[PDB]
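Protein sequence lines correspond, in order, to chains A and B.
Taking my numbering, I'd label the letters of the first sequence as residues 7 to 539.
Taking my numbering, I'd label the letters of the second sequence as residues 15 to 551.
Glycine included, C-beta positions come from ideal geometry on N, C-alpha and C.
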Amino acid sequence: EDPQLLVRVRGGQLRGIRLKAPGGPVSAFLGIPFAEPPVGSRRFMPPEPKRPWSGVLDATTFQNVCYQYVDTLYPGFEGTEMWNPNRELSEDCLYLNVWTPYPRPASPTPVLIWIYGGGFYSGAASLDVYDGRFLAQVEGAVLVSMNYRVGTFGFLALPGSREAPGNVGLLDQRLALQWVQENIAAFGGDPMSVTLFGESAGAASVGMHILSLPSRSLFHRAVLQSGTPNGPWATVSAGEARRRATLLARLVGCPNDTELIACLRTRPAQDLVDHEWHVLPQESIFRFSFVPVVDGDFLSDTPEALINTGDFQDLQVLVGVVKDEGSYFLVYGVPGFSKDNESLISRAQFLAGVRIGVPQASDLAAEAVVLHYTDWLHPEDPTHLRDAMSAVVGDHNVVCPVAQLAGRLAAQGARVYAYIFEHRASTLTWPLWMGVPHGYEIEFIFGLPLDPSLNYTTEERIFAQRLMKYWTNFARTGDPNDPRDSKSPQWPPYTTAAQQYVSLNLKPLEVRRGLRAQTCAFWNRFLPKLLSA
Amino acid sequence: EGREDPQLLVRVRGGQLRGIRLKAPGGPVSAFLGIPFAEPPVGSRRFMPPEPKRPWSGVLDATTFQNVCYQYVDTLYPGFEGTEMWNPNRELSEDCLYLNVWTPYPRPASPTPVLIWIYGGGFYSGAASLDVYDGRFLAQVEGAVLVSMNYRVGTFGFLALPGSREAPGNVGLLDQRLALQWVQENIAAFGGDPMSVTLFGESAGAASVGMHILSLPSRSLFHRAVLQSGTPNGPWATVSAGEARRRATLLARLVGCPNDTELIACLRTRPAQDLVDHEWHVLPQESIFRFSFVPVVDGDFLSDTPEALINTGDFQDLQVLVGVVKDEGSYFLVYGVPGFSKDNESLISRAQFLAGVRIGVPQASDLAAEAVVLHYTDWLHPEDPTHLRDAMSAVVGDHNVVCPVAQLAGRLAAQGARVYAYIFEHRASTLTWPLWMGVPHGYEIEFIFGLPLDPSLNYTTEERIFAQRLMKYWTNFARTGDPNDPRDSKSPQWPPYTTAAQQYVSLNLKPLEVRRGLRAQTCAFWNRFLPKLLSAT
Ligand SMILES: *[C@@H]1O[C@H](CO)[C@@H](O)[C@H](O)[C@H]1NC(C)=O
Ligand SMILES: *[C@@H]1O[C@H](CO)[C@@H](O)[C@H](O)[C@H]1NC(C)=O
Ligand SMILES: *[C@@H]1O[C@H](CO)[C@@H](O)[C@H](O)[C@H]1NC(C)=O
Ligand SMILES: *[C@@H]1O[C@H](CO)[C@@H](O)[C@H](O)[C@H]1NC(C)=O
């Protein structure tokens, strides 16, 4: 049997499987356990490293998906399903995946580690969209992706308790990073060049690893696609975590901290997920029930405090957003919107919609939002109100958090590269009015167009290769620029002075300045003053 | 009479007048300068509403300009055409309620449309005799009858102890109403059509025109209105009865005069200069574009606040021309905002921009002041001295003119008014202020009145043709309620500003260009958001 598929890690022996990528084979090792199954009395608790095993462990299928809510808004429709889990659901989910060139790389090759999104409430590394074969085959890189516990299982927290101290979903991630140090070299990977890269709740996670001192020993570069540790959706405070947890328990019959969590532990998983979405304080979209918590442990203070004072003199970061961040979430809450019609909306609906999109907003601040996004040359135009409602949601939750993060990281000594992803997929299945929705750069970063049977267009293939090389160049060097290309489109560092980012689309690189600068001043500088008065 | 010119002798309701034959570039005009229309408001009549001028015997000589209402005289740059041209050019006296009349020579045989000019000057200065208010060119070239009156300014026009008989305030406006009454009764004697009367006025004068639109007694004395770079609404044009009462009793304390009757009576015994020497001293906060004594919302001349009246009144039977210059703000900065001067480029620091905002927007709380700075800042270049300077000019200009105007045009329009709106974009080649100030507040006036037609004034040939075009616009609007030429559809047309399309025209040396959105986004800030922010603080 094939020696390229046979690898010895500190915990046993692994048989991977050889996979065909469009222009070569790759070695894949799928379903490697990195922690003891967090079932039973281990539910809600920090993971423990995997006991050693006997024999040769099979690593050729994807393991089960962490237990999570499964979307039903559009049953059968491909643009929603593609995010739904494709393996069975289980609490027994702490496994990771590794792809690598075939043959195994001679010299040590940079590692890329991918943390999926899904609002800390869903997701899985086994999605077709996260296929690591292309990056491995084409760019010669070693790619690791992990599962982490999501929902109540990953982030339910009674802070200061021992039985549920919070953030265990992040600790799942952290163990996989320790595993990559202890084991990746056996695959050819370089433990001394590890890039984290993730999207949405993934990017938020990546950020939280930048902001937690024990994680900094485990990676060297980070990529934050369309998400941030800061902003309104990614963290709660200790007080609010305790409130949502004690309410979920009441909503499932339970019942002291120990008595309280112990009863939850005796509850079939679906009984907890049935009531997940039911503890949110106000009516919401782009607000999630269970998410990281400011515990003084993993997060010593709020990410806002931490980015505002940290020293990032060593860091290298690549941040960015898509053209239409907020459009995806509008169909999941905001009346008037729907994937099936044009979602032309009235001024009444737009006023109502802002209270949803900005649930924490007072009366005064929600009129401040309506007066800002309104085109007063066409104040009743159904098309502008629609596009603006989406802009509110995208800017409040993603684009302006990214702008604040990029600002502070760069100011505090980091090398930042900022982008905006402006190409919509020809394959895409949502209506035209959503433009480029939240999450549809990923298929291009993972090189999916290179598979000929996905019916992507030829320039999309050429586009995919440009991005695949921007990222892997970042991973190699901390600079997305080819060190052998002398074609003028160069990607400049983002700075506080010049605030320059580039646009990712089919045309060559174009350098722009200010990342919705006037509009982010409104969100980042003024509205904080407004609510606190 | 004998050997007198028989086209310069005219009888009015108060007696006979001898006028004068002026040379204009293209022929002569008749001018009647210094016609009294009220009893001089001296002595016990100070602060009182005007009384109609008792008739005189003999033939009154009306060939020179009369006195200027008692007023503060600017002394910022002494001997510099920029400031002097607005400074009073006759003797200062409380005896000052006189008006002037220009008419074609010979006086027209048909009944000619009338234009009545009301000068700006912040309700604290001004005179109908300034060289830029010269009716000789409008009268000669467009064939029109121009009337401009003196109205009392400062304490003497607007100091008010509301509710009292001795000082009911707003008498400065009641002067203007008397002159409008006068034009009704006597303008036929000069060939004028008392059924085609158009008020038109700049700044404080434009404000005044607005008060006449909003006051029912004035509404039968005119038919159309042009408001240039000023409004009755807005922050500076009016004060509440409470504020006027406070400013008056402090001015009394300041000159020695601590029941309202006894207080006013003491003030009546005070040299006119004593009052002028102290009016700048009762403003609540360190400000610019804030004026001590202005119209008061007395419930009489103005039944409610201007803001209330334009929201709710009917205006179908109304035609209005409104507009603004490009740089409304720049002139006021050098009179207050530290960092600004006519002699250097006025490149300020971000520190000075925050200091400035607190002055330009003196009613703003800390939070509102922050919102303004947040909005006017260029966040790609938040410390750029050139951008900061221009932004500071734009804050004063939008707060005080362009957004009251935009609110006025929008509010009138929605309620039946036919509205035309312009932005005046040409800087006079003869301008003496520095280049950074752009087209300052007040420097379209010389072009409406036609001064570039005077060869001695050293304008350009294009400025001459330009000034002719504007005179046609204004007077066509007086004649018809429409600045467009009937016998000319080739040249671009000037559409009415409606709420639905917010259309307005540029006025520059190039042909009319139609634009949409009178600072649409930024006036949402001032006319919509900031009132709510003041409200909830
Ligand atoms: C689009 O469809 C949804 C559900 O079918 C509906 O609620 C919404 O009103 C529709 N929108 C328009 C603009 O017709
Ligand atoms: C691509 O299109 C062809 C026909 O044009 C079809 O046979 C094939 O199944 C399609 N593949 C996908 C992934 O849509
Ligand atoms: C311009 O001159 C005035 C007084 O002469 C001064 O106060 C101001 O600071 C100067 N501005 C600059 C930019 O030099
Ligand atoms: C106009 O120009 C002439 C020619 O130089 C000059 O003598 C005169 O003083 C100037 N007058 C004005 C008002 O500029």
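| Asked | Found |
| --- | --- |
| My assumption, with CB atoms under 8 Å, is that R530(B) sits in contact with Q516(B). Please give the rounded CB distance. | 6 Å |
| If you run the structure through DSSP and keep just helix, strand and coil, what is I216(A)? | helix |
| Pull out every residue of the segment 349-374 of chain A whose Cβ sits closer than 7 Å to any Cβ of chain C, in chain order. | Included in the structure are the protein chains A and B, with no chain C among them. |
| Is it the case that the segment 160-167 of chain B contacts the segment 114-131 of chain B, given that we only count it when at least three CB pairs across the two stretches are under 8 Å? | yes |
| When the distance is taken between beta carbons, is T308(A) closer than 8 Å to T241(A)? | yes |
| When DSSP labels each residue in this structure, what does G134(B) get in the three-state scheme? | coil |
| Is the distance from the Cβ of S44(B) to the Cβ of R121(B) below 8 Å? | yes |
| Please give the ranges of any alpha helix (DSSP H) in the segment 275-352 of chain B, keeping only runs that are unbroken, at least 4 residues long and fully inside the region. | 286-293, 320-326, 344-347 |
| Taking C-beta pairs closer than 7 Å, name the residues in chain B that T478(A) reaches, listed in chain order. | The premise fails here: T478(A) is roughly 32 Å from chain B at the closest Cβ pair, so nothing lies under 7 Å. |
| Sorry if obvious, but does the Cβ on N358(B) come closer than 7 Å to a heavy atom of ligand 3? | yes |
| Which residues, in chain order, does the segment 534-548 of chain B contribute to contact with chain A at a C-beta distance below 7 Å? | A534, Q535, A538, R542, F543, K546 |
| Below 8 Å, how does it come out for the segment 345-364 of chain B and the segment 237-254 of chain B: are there three or more Cβ pairs, yes or no? | no |
| Which residue spans inside the segment 196-246 of chain B form an unbroken beta strand (DSSP E) run of at least 3? | 206-216, 238-242 |
| When Cβ atoms are compared, which residues of the segment 496-522 of chain A fall closer than 8 Å to chain B? | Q505, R519, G520 |
| Based on Cα-Cα distance, which residue from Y122(A), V279(A), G194(A), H226(A) lies nearest to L176(A)? | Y122(A) |
| May I ask whether a heavy atom of ligand 3 can be found less than 7 Å away from the beta carbon of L361(B)? | yes |
| So the beta strand (DSSP E) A435(B) belongs to, where does it begin and stop? | 432-438 |
| Go to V387(B), then tell me how far its alpha helix (DSSP H) extends in each direction, as first and last residue. | 380-390 |
| Heavy atom of ligand 1 less than 7 Å from the Cβ of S344(A), yes or no? | yes |
| Tell me which residues of the segment 262-279 of chain A have at least one Cβ-Cβ distance to chain B shorter than 9 Å, keeping chain order. | none |
| Measuring only from the beta carbon, is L471(B) closer than 7 Å to any heavy atom that is part of ligand 4? | yes |
| Cβ of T380(A) less than 8 Å from any chain B Cβ? | yes |
| Just to confirm my understanding: we take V197(B), look at its own chain, exclude 5 residues before and 5 after, and list those with CB closer than 8 Å. What are they? | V128, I130, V161, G206, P208, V211, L235 |
| Starting from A550(B), find everything on chain A with Cβ-Cβ shorter than 7 Å and list it in chain order. | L370 |
| Alpha carbon to alpha carbon, what distance is there between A365(B) and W488(B)? | 43 Å |
| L254(A): which of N153(A), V279(A), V364(A), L533(A) sits nearest, CA to CA? | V279(A) |
| Keeping to the same chain, check which residues put their C-beta closer than 6 Å to that of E386(A); ignore five residues upstream and five downstream. | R353 |
| Three or more C-beta pairs under 8 Å: does that hold for the segment 452-463 of chain B against the segment 432-441 of chain B? | yes |
| Counting only beta-carbon atoms, is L383(A) nearer than 8 Å to chain B? | yes |
| Taking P39(A) as the reference, which of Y334(A), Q143(A), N153(A) has the closest Cα? | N153(A) |
| Is the segment 320-331 of chain A touching the segment 263-278 of chain A in the sense that three or more CB pairs, one from each, lie closer than 8 Å? | no |
| Using a beta-carbon distance below 8 Å, is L391(A) in contact with chain B? | no |
| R248(A) and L164(A) look like a contact to me (Cβ under 8 Å); what is the Cβ gap, rounded to whole Å? | 6 Å |
| Compute the Euclidean distance between the alpha carbons of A38(B) and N472(B), then round it to the nearest angstrom. | 16 Å |
| With distance defined between alpha-carbon atoms, name the residue in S470(B), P509(B), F461(B) nearest to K486(B). | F461(B) |
| Can you list the residues of chain B that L377(A) reaches, using a CB-CB cut of under 7 Å? | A538, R542, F543 |
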